[PDB]
Amino acid sequence: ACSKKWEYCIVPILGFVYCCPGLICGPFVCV
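To start, this report covers the structure provided alongside it. (Residues numbered from 1 in each chain as written, not as in the entry; some residues may be left out. Heavy atoms only, no water.)

According to the stated counting rule, one finds three disulfides in the structure shown. In this model, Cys-2 is linked to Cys-20 through a disulfide, with the two sulfur atoms separated by 2.0 Å. The S-S bond linking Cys-2 to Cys-20 shows a torsion near 70°; that makes this disulfide right-handed. A residue pair is termed long-range when its members are at least 10 positions apart, and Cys-2 in strand β1 (residues 2-3) and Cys-20 in the segment after β2 (18-19) qualify at 18 residues. Residue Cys-2 is classed as partly exposed on the basis of its relative accessible area, which comes to 30%. Each disulfide pairs two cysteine sulfurs, and for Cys-19 the partner residue is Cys-30, the sulfurs being separated by 2.0 Å. Of this pair, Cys-19 sits in strand β2 while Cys-30 sits in the segment after β2, and the two are eleven residues apart along the sequence. Each of the two residues, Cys-19 as well as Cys-30, counts as buried. In the protein chain, the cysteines engaged in disulfides, taken in order along the sequence, are linked 1-4, 2-5, 3-6. (Disulfide = S-S within 2.5 Å. Helix = DSSP H or I, 4+ residues; strand = E, 2+ residues; numbered from the N terminus. Buried < 20%, exposed > 50% of the residue type's maximum accessible area, 1.4 Å probe, protein only.)

Next up, the structure:
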């Protein structure tokens, strides 16, 4: 599932989630 911008998403250097096309995960959220 794609994470929403002002939602929640962590990007650990081993495995991370993915936002919807257009948004990119950042500081435990998406932008």
